[PDB]
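Source file: input-v2.txt; contents: compact mmCIF, C-alpha atoms and all ligand atoms.
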```txt
# COMPACT_ATOMS: atom_id res chain seq x y z
CA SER A 7 0.00 0.00 0.00
CA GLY A 8 0.92 3.69 -0.23
CA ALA A 9 -0.08 7.07 -1.65
CA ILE A 10 1.23 10.53 -2.72
CA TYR A 11 -0.47 13.57 -1.10
CA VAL A 12 -0.08 16.83 -3.03
CA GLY A 13 -2.40 19.88 -2.68
CA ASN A 14 -6.01 18.62 -2.40
CA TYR A 15 -5.13 15.34 -4.25
CA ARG A 16 -4.40 11.74 -3.10
CA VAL A 17 -2.67 9.53 -5.75
CA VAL A 18 -2.95 5.76 -5.30
CA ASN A 19 -2.64 2.57 -7.41
CA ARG A 20 -6.06 2.23 -9.15
CA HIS A 21 -6.32 -1.52 -8.13
CA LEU A 22 -6.03 -0.39 -4.45
CA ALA A 23 -8.49 2.59 -4.57
CA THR A 24 -11.02 2.59 -1.69
CA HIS A 25 -14.80 3.46 -1.72
CA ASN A 26 -13.93 7.00 -0.51
CA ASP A 27 -11.41 7.37 -3.35
CA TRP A 28 -14.07 6.42 -5.96
CA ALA A 29 -16.73 8.62 -4.24
CA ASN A 30 -14.28 11.61 -4.48
CA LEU A 31 -12.74 10.62 -7.87
CA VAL A 32 -10.86 13.38 -9.72
CA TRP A 33 -9.20 11.31 -12.46
CA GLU A 34 -8.39 7.64 -13.20
CA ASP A 35 -6.55 5.67 -15.92
CA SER A 36 -6.79 1.83 -15.97
CA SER A 37 -4.07 1.63 -18.64
CA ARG A 38 -1.70 3.41 -16.12
CA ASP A 39 -2.96 1.72 -12.87
CA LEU A 40 -3.42 5.28 -11.43
CA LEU A 41 -6.35 6.90 -9.51
CA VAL A 42 -6.46 10.44 -8.04
CA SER A 43 -9.05 11.42 -5.44
CA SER A 44 -9.83 14.75 -3.70
CA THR A 45 -8.89 15.37 -0.04
CA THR A 46 -10.04 17.91 2.58
CA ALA A 47 -6.63 18.30 4.29
CA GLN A 48 -3.73 19.97 2.39
CA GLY A 49 -0.93 17.70 1.05
CA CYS A 50 2.72 18.73 1.15
CA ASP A 51 4.54 16.16 -1.06
CA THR A 52 6.74 17.49 -3.99
CA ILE A 53 6.34 15.91 -7.46
CA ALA A 54 9.52 15.72 -9.55
CA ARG A 55 9.41 17.48 -12.98
CA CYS A 56 12.37 15.83 -14.82
CA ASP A 57 13.86 13.07 -17.07
CA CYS A 58 15.83 11.28 -14.22
CA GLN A 59 16.58 7.66 -14.73
CA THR A 60 18.09 7.07 -11.18
CA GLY A 61 16.37 7.21 -7.83
CA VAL A 62 15.47 5.37 -4.60
CA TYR A 63 12.31 3.32 -3.88
CA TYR A 64 10.64 2.11 -0.67
CA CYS A 65 10.15 -1.68 -0.52
CA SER A 66 7.81 -2.62 2.37
CA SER A 67 8.46 -6.35 1.99
CA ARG A 68 12.10 -5.65 3.09
CA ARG A 69 11.46 -2.46 5.26
CA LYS A 70 14.23 -0.96 3.08
CA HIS A 71 14.89 1.75 0.50
CA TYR A 72 16.87 0.64 -2.59
CA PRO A 73 18.83 2.88 -5.04
CA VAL A 74 17.88 1.93 -8.69
CA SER A 75 18.40 2.85 -12.38
CA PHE A 76 15.06 2.74 -14.24
CA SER A 77 13.83 2.96 -17.85
CA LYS A 78 11.91 5.99 -19.22
CA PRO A 79 8.08 5.67 -19.01
CA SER A 80 6.81 3.38 -21.80
CA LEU A 81 4.16 0.76 -22.84
CA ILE A 82 5.10 -2.58 -21.22
CA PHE A 83 3.40 -6.04 -21.28
CA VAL A 84 1.91 -7.12 -17.86
CA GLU A 85 0.65 -10.73 -17.15
CA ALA A 86 -2.86 -11.19 -15.65
CA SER A 87 -3.69 -10.89 -11.94
CA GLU A 88 -7.06 -10.94 -10.08
CA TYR A 89 -7.10 -7.12 -10.80
CA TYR A 90 -6.55 -7.01 -14.57
CA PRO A 91 -6.34 -9.38 -17.56
CA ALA A 92 -3.03 -9.54 -19.54
CA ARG A 93 -2.57 -6.07 -21.21
CA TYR A 94 0.00 -3.26 -21.99
CA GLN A 95 0.34 -0.80 -19.11
CA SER A 96 1.49 2.67 -20.21
CA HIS A 97 3.74 5.32 -18.53
CA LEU A 98 5.57 2.46 -16.73
CA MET A 99 9.28 2.50 -15.69
CA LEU A 100 11.24 -0.72 -15.01
CA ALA A 101 14.20 -1.42 -12.74
CA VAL A 102 16.08 -4.52 -11.51
CA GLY A 103 14.88 -5.11 -7.93
CA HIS A 104 12.76 -6.92 -5.40
CA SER A 105 8.98 -6.51 -5.10
CA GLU A 106 5.90 -8.41 -3.83
CA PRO A 107 2.23 -7.60 -4.55
CA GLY A 108 1.96 -5.77 -1.18
CA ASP A 109 4.78 -3.41 -2.21
CA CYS A 110 2.44 -1.48 -4.58
CA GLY A 111 2.21 2.14 -3.49
CA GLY A 112 5.84 2.39 -2.34
CA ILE A 113 7.33 5.64 -3.52
CA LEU A 114 10.17 6.10 -6.01
CA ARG A 115 12.01 9.43 -5.45
CA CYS A 116 14.91 11.37 -7.01
CA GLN A 117 16.69 14.58 -5.70
CA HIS A 118 13.71 16.59 -7.32
CA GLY A 119 10.94 14.77 -5.41
CA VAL A 120 8.39 12.05 -6.10
CA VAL A 121 8.81 10.24 -9.40
CA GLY A 122 6.10 7.54 -9.16
CA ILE A 123 4.83 4.53 -7.21
CA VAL A 124 5.42 0.69 -7.33
CA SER A 125 2.74 -0.79 -9.61
CA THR A 126 4.19 -4.03 -11.07
CA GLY A 127 6.76 -6.77 -10.40
CA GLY A 128 7.97 -10.12 -11.67
CA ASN A 129 11.17 -12.04 -12.55
CA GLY A 130 13.29 -9.61 -10.47
CA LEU A 131 12.02 -6.54 -12.32
CA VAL A 132 10.01 -3.84 -10.47
CA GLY A 133 7.83 -1.33 -12.35
CA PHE A 134 6.80 2.20 -11.29
CA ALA A 135 3.78 4.16 -12.53
CA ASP A 136 5.21 7.58 -13.50
CA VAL A 137 3.43 10.73 -12.21
CA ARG A 138 5.93 13.43 -13.48
CA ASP A 139 3.80 14.23 -16.57
CA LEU A 140 0.67 15.06 -14.45
CA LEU A 141 1.42 18.83 -14.23
CA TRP A 142 -2.12 19.53 -12.98
CA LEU A 143 -1.34 17.83 -9.60
CA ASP A 144 0.40 21.18 -8.61
CA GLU A 145 -2.58 23.59 -8.81
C1 LIG B 201 6.18 -10.14 -7.88
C2 LIG B 201 5.27 -8.96 -7.79
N1 LIG B 201 5.62 -7.75 -7.40
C3 LIG B 201 4.49 -6.97 -7.59
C4 LIG B 201 4.52 -5.51 -7.29
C5 LIG B 201 3.47 -7.73 -8.06
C6 LIG B 201 2.03 -7.43 -8.33
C7 LIG B 201 1.78 -7.08 -9.79
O1 LIG B 201 2.70 -6.95 -10.58
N2 LIG B 201 0.50 -6.87 -10.14
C8 LIG B 201 -0.69 -7.20 -9.33
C9 LIG B 201 -1.54 -5.97 -9.06
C10 LIG B 201 -1.82 -5.19 -10.35
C11 LIG B 201 -0.51 -4.88 -11.11
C12 LIG B 201 -0.74 -4.07 -12.37
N3 LIG B 201 -0.27 -2.83 -12.37
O2 LIG B 201 -1.28 -4.58 -13.37
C13 LIG B 201 0.19 -6.20 -11.41
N4 LIG B 201 3.98 -9.00 -8.18
ZN ZN B 202 14.50 13.87 -11.30
```
For this file, write the structure as structure tokens.
Ligand SMILES: Cc1nc(C)c(CC(=O)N2CCC[C@H](C(N)=O)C2)[nH]1
Ligand SMILES: [Zn+2]
Amino acid sequence: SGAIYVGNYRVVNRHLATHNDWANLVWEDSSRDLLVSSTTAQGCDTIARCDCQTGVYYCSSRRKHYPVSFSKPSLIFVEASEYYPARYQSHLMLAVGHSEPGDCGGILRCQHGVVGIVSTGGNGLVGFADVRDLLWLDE
């Protein structure tokens, strides 16, 4: 689990969105595994606006942060789960590293701020849903 809180927005993995998230839906994209909901309290997280390909991610299954190199956001094939059939997930960034299904929502950060959140994993690869292109999160 995990979320990004910026302004009056809460950003979570779409497959983990709650009833309150859907009842206060702002925007969602199944092809990206992203959902943004509105909040009453103000959020103070900083979203990165960059092309970084290095950063650090939180892995709850190891209670550890790992430094990683990751690919630029792209369309990648993702095998079926109880949440989605087999499809291409867009705006996804891959890195070599550990993950478990419960690690979704862990934040990936660079010196500029929040890059994205853990969304996929398999075969020793971990994928992050990018949020750097969502310029509207900052107003
Ligand atoms: C081994 C492993 N690590 C993780 C993070 C996973 C879970 C995973 O990849 N999923 C399941 C939830 C929906 C995801 C999606 N975006 O389509 C796919 N598995
Ligand atoms: Zn950066």
Go through chain A and flag each residue having an atom no more than 6 Å from ligand ZN 202 (chain B); for those, report the closest pair of atoms plus their distance in Å to one decimal, using all atoms listed in the file, ordered by chain and rising number, as a Markdown table.
```
| residue | atom | partner | partner_atom | distance |
| --- | --- | --- | --- | --- |
| A:54 | CA | B:ZN202 | ZN | 5.6 |
| A:56 | CA | B:ZN202 | ZN | 4.6 |
| A:57 | CA | B:ZN202 | ZN | 5.9 |
| A:58 | CA | B:ZN202 | ZN | 4.1 |
| A:116 | CA | B:ZN202 | ZN | 5.0 |
| A:118 | CA | B:ZN202 | ZN | 4.9 |
```
Could you work out how far atom CA of residue 14 of chain A lies from atom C11 of ligand LIG 201 (chain B), giving the answer in Å with one decimal? 25.7 Å
Return as a ChimeraX atom specification the residues of protein, DNA or RNA that approach ligand LIG 201 (chain B) to within 10 Å, with all atoms listed in the file taken into account. /A:19-22,36-40,65,67,83-96,98,103-112,124-135
I'd like the contact shell of residue 16 of chain A - 8 Å cut-off, all atoms listed in the file, skipping same-chain residues fewer than 3 positions apart - returned as a CSV table (one decimal) with C-alpha atoms, keeping the file's coordinate frame.
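Generated output (around_0.csv):
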```csv
chain,number,residue,atom,x,y,z
A,9,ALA,CA,-0.1,7.1,-1.6
A,10,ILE,CA,1.2,10.5,-2.7
A,11,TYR,CA,-0.5,13.6,-1.1
A,12,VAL,CA,-0.1,16.8,-3.0
A,42,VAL,CA,-6.5,10.4,-8.0
A,43,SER,CA,-9.0,11.4,-5.4
A,44,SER,CA,-9.8,14.8,-3.7
A,45,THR,CA,-8.9,15.4,0.0
```
Restricting the calculation to only C-alpha atoms, which member of A:66, A:46, A:59, A:7 is positioned closest to residue 30 of chain A?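 Answer, going by the shortest atom-to-atom distance: A:46.
Taking atom CA of residue 72 of chain A and atom CA of residue 114 of chain A as endpoints, the distance between them is 9.3 Å.
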So which one's closest to residue 32 of chain A, A:143, A:82, A:102, A:121? Using only C-alpha atoms, please.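 Going through A:143, A:82, A:102, A:121 one by one, the smallest distance to residue 32 of chain A is for A:143.
Restricting the calculation to all atoms listed in the file, the smallest distance between residue 61 of chain A and any of A:140, A:120, A:29, A:17 is found for A:120.
Between atom CA of residue 13 of chain A and atom CA of residue 97 of chain A there is a distance of 22.4 Å.
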Compare A:79, A:73, A:49, A:8 by their minimum atom-to-atom distance to residue 123 of chain A, counting only C-alpha atoms, and give me the closest one. A:8
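The smallest atom-to-atom distance between residue 81 of chain A and any of A:63, A:100, A:15, A:53, using all atoms listed in the file, is found for A:100.
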How would segment 116-138 of chain A read, as a CSV table (one decimal), in the frame of the given file, once N, CA, C and O atoms are built in?
```
chain,number,residue,atom,x,y,z
A,116,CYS,N,13.6,10.9,-6.6
A,116,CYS,CA,14.9,11.4,-7.0
A,116,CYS,C,15.2,12.7,-6.2
A,116,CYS,O,14.4,13.1,-5.4
A,117,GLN,N,16.4,13.3,-6.4
A,117,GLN,CA,16.7,14.6,-5.7
A,117,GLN,C,15.6,15.7,-5.9
A,117,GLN,O,15.5,16.6,-5.1
A,118,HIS,N,14.8,15.6,-6.9
A,118,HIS,CA,13.7,16.6,-7.3
A,118,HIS,C,12.3,16.3,-6.6
A,118,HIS,O,11.4,17.2,-6.7
A,119,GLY,N,12.2,15.1,-6.1
A,119,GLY,CA,10.9,14.8,-5.4
A,119,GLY,C,10.4,13.4,-5.9
A,119,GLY,O,11.2,12.6,-6.3
A,120,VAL,N,9.1,13.3,-5.8
A,120,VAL,CA,8.4,12.0,-6.1
A,120,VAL,C,8.3,11.8,-7.6
A,120,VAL,O,7.8,12.6,-8.4
A,121,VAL,N,8.8,10.6,-8.0
A,121,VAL,CA,8.8,10.2,-9.4
A,121,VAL,C,7.5,9.4,-9.8
A,121,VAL,O,6.9,9.6,-10.8
A,122,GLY,N,7.3,8.4,-8.9
A,122,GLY,CA,6.1,7.5,-9.2
A,122,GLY,C,5.9,6.6,-8.0
A,122,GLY,O,6.5,6.7,-6.9
A,123,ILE,N,5.1,5.5,-8.2
A,123,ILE,CA,4.8,4.5,-7.2
A,123,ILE,C,4.9,3.1,-7.8
A,123,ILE,O,4.6,2.9,-9.0
A,124,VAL,N,5.3,2.1,-6.9
A,124,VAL,CA,5.4,0.7,-7.3
A,124,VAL,C,4.0,0.3,-7.8
A,124,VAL,O,3.0,0.5,-7.2
A,125,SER,N,4.0,-0.3,-9.0
A,125,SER,CA,2.7,-0.8,-9.6
A,125,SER,C,2.8,-2.3,-10.1
A,125,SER,O,1.9,-3.0,-10.0
A,126,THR,N,4.0,-2.7,-10.6
A,126,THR,CA,4.2,-4.0,-11.1
A,126,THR,C,5.5,-4.7,-10.6
A,126,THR,O,6.4,-4.0,-10.1
A,127,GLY,N,5.6,-6.0,-10.7
A,127,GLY,CA,6.8,-6.8,-10.4
A,127,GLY,C,6.7,-8.2,-11.0
A,127,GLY,O,5.6,-8.7,-11.2
A,128,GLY,N,7.9,-8.8,-11.2
A,128,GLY,CA,8.0,-10.1,-11.7
A,128,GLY,C,9.3,-10.4,-12.2
A,128,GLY,O,9.9,-9.5,-12.8
A,129,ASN,N,9.9,-11.6,-12.0
A,129,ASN,CA,11.2,-12.0,-12.6
A,129,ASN,C,12.3,-11.1,-12.1
A,129,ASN,O,13.3,-11.0,-12.9
A,130,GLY,N,12.2,-10.5,-10.9
A,130,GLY,CA,13.3,-9.6,-10.5
A,130,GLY,C,13.3,-8.2,-11.1
A,130,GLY,O,14.2,-7.5,-10.9
A,131,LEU,N,12.2,-7.9,-11.8
A,131,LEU,CA,12.0,-6.5,-12.3
A,131,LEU,C,10.9,-5.9,-11.5
A,131,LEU,O,10.0,-6.6,-11.0
A,132,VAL,N,11.0,-4.6,-11.2
A,132,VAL,CA,10.0,-3.8,-10.5
A,132,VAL,C,9.6,-2.6,-11.4
A,132,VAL,O,10.5,-2.0,-12.0
A,133,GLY,N,8.3,-2.4,-11.5
A,133,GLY,CA,7.8,-1.3,-12.4
A,133,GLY,C,7.1,-0.2,-11.6
A,133,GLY,O,6.3,-0.5,-10.7
A,134,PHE,N,7.4,1.0,-12.0
A,134,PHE,CA,6.8,2.2,-11.3
A,134,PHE,C,5.9,3.0,-12.3
A,134,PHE,O,6.4,3.3,-13.4
A,135,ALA,N,4.7,3.3,-11.8
A,135,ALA,CA,3.8,4.2,-12.5
A,135,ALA,C,4.3,5.6,-12.4
A,135,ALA,O,4.4,6.1,-11.3
A,136,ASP,N,4.7,6.2,-13.5
A,136,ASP,CA,5.2,7.6,-13.5
A,136,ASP,C,4.1,8.6,-13.2
A,136,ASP,O,3.0,8.4,-13.7
A,137,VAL,N,4.4,9.7,-12.5
A,137,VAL,CA,3.4,10.7,-12.2
A,137,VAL,C,4.0,12.1,-12.6
A,137,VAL,O,3.3,13.1,-12.5
A,138,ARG,N,5.2,12.2,-13.1
A,138,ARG,CA,5.9,13.4,-13.5
A,138,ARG,C,5.2,14.2,-14.6
A,138,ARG,O,5.5,15.4,-14.7
```
